[PDB]
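Below is one structure, written out as structure tokens; the observations come after it.
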Amino acid sequence: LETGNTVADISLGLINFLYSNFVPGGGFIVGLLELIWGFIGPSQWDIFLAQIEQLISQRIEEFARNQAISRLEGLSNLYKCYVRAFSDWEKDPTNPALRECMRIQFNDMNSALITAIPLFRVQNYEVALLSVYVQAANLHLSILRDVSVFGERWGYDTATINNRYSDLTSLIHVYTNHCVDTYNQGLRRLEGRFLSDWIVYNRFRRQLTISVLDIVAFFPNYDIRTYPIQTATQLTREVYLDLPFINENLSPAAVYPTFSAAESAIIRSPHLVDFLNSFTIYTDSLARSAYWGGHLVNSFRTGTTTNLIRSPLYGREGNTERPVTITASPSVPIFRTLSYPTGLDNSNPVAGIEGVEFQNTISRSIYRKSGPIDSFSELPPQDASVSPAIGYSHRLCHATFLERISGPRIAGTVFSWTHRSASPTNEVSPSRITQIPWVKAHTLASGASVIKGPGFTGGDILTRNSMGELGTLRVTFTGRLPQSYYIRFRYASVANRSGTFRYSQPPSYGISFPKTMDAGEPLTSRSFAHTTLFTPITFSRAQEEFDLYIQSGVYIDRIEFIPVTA
């Protein structure tokens, strides 16, 4: 019985927790132990390394490799002691002896992490180590936040607490930049000329978006000065499954599409987040082999279910069987596909999909027949202790199509998914600092473009080549009205720039974007900063519509709502 991606399983369980429980205290301290550091043994760390080693065709040098694994086992034992010292100290916090135990454990944990981290980026093996690096970096930022919140009650003096907060602040950027830089270099190494190369490249991007980049996106939340109450990051990136090939050694290379052809056909260029409303699937055939030969997609954007965007036609509109319609909705998403690729018979003349079962949270719909290629394998549910309809991690977003009519015939349907944290409603609650990426807007103003994100924000970003509007973003305030919030923007800027913030009522507000970078340098962790509107706004309608006008040279990542009280 096939196992599925155990690293994806562990990662998405961790992501679920980071989204739902990112708030200081023993619950978070025990959560990391229960989900990672008291759960993963050397057996499983081996798989972490090997999953990347197989993708890049490079085994970590053996001494460095066993050094990493035993170092991770060392951190597990230390973190067990740390959690134990915290549970103890929590019950009798004034006890000077318990306070000394925690100060000892923290000092031990921090030192072990300071020395272990470089062993997770050993020269020439940084990519293969990257998913264990991100786990150690995460643990490090978490205990540095721990001391920033509790260190005084543990008995640390003011200077060392300030020193650790300065460490947290610098290392958010250092760890972020290392993960993104290493990820980009791993991707570059997998660029090649042919479709066979694209398959590996596309798998790498999926597997490391989930096991590394998705965790990096939460790193800024560990800054308690910036996020003094609970906050949740939305992962808005699209992740893609595989082309419907069984044998992925596509030979000879000359008879198959190029790398650029596949990338350009399969990966949607940057856009506002959308959600599946329906597929219309057209069945075609070659002699007696029937397959998914083309389709339309109908999508809606966040908060606005009634304005559907119809895709251009993918593939051909065959008539071998009547068109089939597959539907989803905001609260009835499709969370699982079971695909039957034609290549399950080595003799079929088309590379494509003979059938798919779609499972939604209520019922099922089958295009032609069910198959064994299971979305749960690469995108497992974020909670396995509960039914799949309750515990899924991703919702079916879109489907693209690599078409080759001549040569070996290709009907390359590929499914794309959005993570559960990117809800189809931008909800703002007075008990959270709410983060809303601007790609969750529902209109894109003319002259505004969605551009590819750097890698650490969790999704794509907005900019303009000349001053003007981004587009309207819809919000629903939950709970008893009225509510008052400070507005804050995460942005990057090549110069001192400004903008204007509007909602559907007449008071508008100027926003400033002090320079964060130089024109022409790449976006890196420190290129993004926060800017705050210090006049709070009070809202009294549940549904609200926001606009942002910006000058050029500004990149917008997200808007944030900081409750004035509660």
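Things to note:
- A single entry from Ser416, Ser449, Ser423 fulfils the requirement of being assigned to a loop (DSSP other than H, G, I, E, B) and either of a type in the set (A, V, I, L, M, F, W, C) or at negative phi (or both): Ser423.
- So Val494, is it in contact (Cβ under 8 Å) with a residue 12 or more places away in the chain, closer than 30 Å to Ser540 by Cα and of a type outside the set (D, E, K, R): no
- When the stretch 438-491 is filtered for residues that are free of Cβ contacts under 8 Å to residues at least 40 places away in the same chain and under 27 Å from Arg205 (Cβ atoms), only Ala448 remains.
- Positions within the stretch 265-296 being small (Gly, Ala, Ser), out of contact with any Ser or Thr (no Cβ under 9 Å at 6 or more places or on another chain) and without any contact (Cβ under 8 Å) to a residue 60 or more places away in the chain, in sequence order: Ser269
- Within the stretch 457-472, the set of residues being surrounded by fewer than 24 Cβ atoms within 10 Å (Cβ to Cβ) and either assigned by CATH to the domain that holds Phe218 or part of a loop (DSSP other than H, G, I, E, B) (or both) comprises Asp460, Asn465, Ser466, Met467, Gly471, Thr472.
- Enumeration of residues in the stretch 424-446 that are under 26 Å from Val564 (Cβ atoms) and surrounded by 19 or more Cβ atoms within 10 Å (Cβ to Cβ): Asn426, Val428, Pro430, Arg432, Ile433, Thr434, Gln435, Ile436, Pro437, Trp438, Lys440, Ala441
- No other residue among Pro482, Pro514 is of a type outside the set (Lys, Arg) and more than 29 Å from the chain's Cα centre (by Cα) apart from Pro482.
- Candidate set: the stretch 387-399, residues that are surrounded by fewer than 21 Cβ atoms within 10 Å (Cβ to Cβ) and in contact (Cβ under 8 Å) with a residue 40 or more places away in the chain; chosen: the one farthest from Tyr486 (Cα to Cα): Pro388
- Residue match in the stretch 295-317 (condition: closer than 18 Å to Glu357 by Cβ and surrounded by 15 or more Cβ atoms within 10 Å (Cβ to Cβ)): yes
- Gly499 vs. criteria of a type in the set (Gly, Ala, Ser) and surrounded by 15 or more Cβ atoms within 10 Å (Cβ to Cβ): yes
- Test result for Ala128, farther than 23 Å from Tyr165 by Cα and not charged (D, E, K, R): yes
- When restricted to residues that are crowded, with 17+ Cβ neighbours inside 10 Å, in contact with a strand residue (DSSP E or B) (Cβ under 8 Å, 6 or more places away or on another chain) and within 22 Å of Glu90 (Cβ to Cβ), the stretch 19-57 contains 1.
- Checking the stretch 66-85 against the condition returns a match, with at least one residue being of a type outside the set (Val, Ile, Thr), over 21 Å from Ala8 (Cα atoms) and under 27 Å from the mean Cα position of the chain (by Cα).
- The residues on offer are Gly294, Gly343, and the sole one that is under 13 Å from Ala399 (Cα atoms) and not assigned by CATH to the domain that holds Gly459 is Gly294.
- For the stretch 151-166, the candidate set comprises residues that are surrounded by 18 or more Cβ atoms within 10 Å (Cβ to Cβ) and assigned to a helix (DSSP H, G or I); within that set, the residue that is farthest from the chain's Cα centre (by Cα) is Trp154.
- Filtering the stretch 225-249 to residues that are surrounded by fewer than 15 Cβ atoms within 10 Å (Cβ to Cβ) and either assigned to a helix (DSSP H, G or I) or not charged (D, E, K, R) (or both) leaves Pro228, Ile229, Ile246, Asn247, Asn249.
- Taken together, the criteria exclude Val132 from residues that are touching a residue at least 60 places away in the same chain (Cβ under 8 Å), in a loop (DSSP other than H, G, I, E, B) and farther than 25 Å from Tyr227 by Cα.
- Only residues that are small (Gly, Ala, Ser) and touching a helix residue (DSSP H, G or I) at 6+ places or on another chain (Cβ under 7 Å) were counted in the stretch 140-178, giving 4.
Matching residues to (1) farther than 21 Å from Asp547 by Cβ; (2) under 28 Å from the mean Cα position of the chain (by Cα):
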| residue | (1), (2) |
| --- | --- |
| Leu470 | no, yes |
| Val475 | no, yes |
| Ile487 | no, yes |
| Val494 | yes, yes |
| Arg497 | no, no |
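- Check on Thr209, touching an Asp or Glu at 6+ places or on another chain (Cβ under 7 Å) and among the polar types (S, T, N, Q): no
- In the set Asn124, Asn177, only one residue is in a helix (DSSP H, G or I) and farther than 30 Å from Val255 by Cα; that residue is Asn177.
- Taken over the stretch 68-103, the criterion of being among the aliphatic types (A, V, I, L, M) and surrounded by 14 or more Cβ atoms within 10 Å (Cβ to Cβ) is satisfied by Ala68, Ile69, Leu72, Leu75, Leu78, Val83, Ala85, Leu98, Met102.
- Filter result (polar (S, T, N, Q) and in contact with a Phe, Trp or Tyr (Cβ under 7 Å, 6 or more places away or on another chain)) within the stretch 61-114: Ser76, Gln105
Note: ideal-geometry Cβ built from the backbone for every residue, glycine included; neighbour counts use all protein chains shown. Basis: the model, the stated rules and, where named, an outside source; none is laboratory data.
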